[PDB]
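Undergrad:
Residue numbers (the authors' numbering): 311 to 360.
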């Protein structure tokens, strides 16, 4: 009797795919973990006087 008639239009699956847009792709000032190109941070203690 189900000649493809009881096929349900996706919504939860549809929203899940859209939720990815909020999952990642965040703004830089919101994600405090910023990357640096090279050892410019200087974590060495030798040469560090405070």
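The C-beta atom is built at its ideal place from N, Cα and C for all residues, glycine as well.
Does DSSP put residue 323 in a helix, a strand or coil?
TA: If DSSP states are grouped into helix, strand and coil, residue 323 belongs with the helices.
Undergrad: By DSSP, does residue 340 sit in helix, in strand, or in coil?
TA: Three-state DSSP puts residue 340 in coil, outside helix and strand.
Undergrad: For chain C, check one thing: does any of its Cβ atoms lie closer than 8 angstroms to the Cβ of residue 329?
TA: The structure shown contains no chain C; it is built from a single protein chain.
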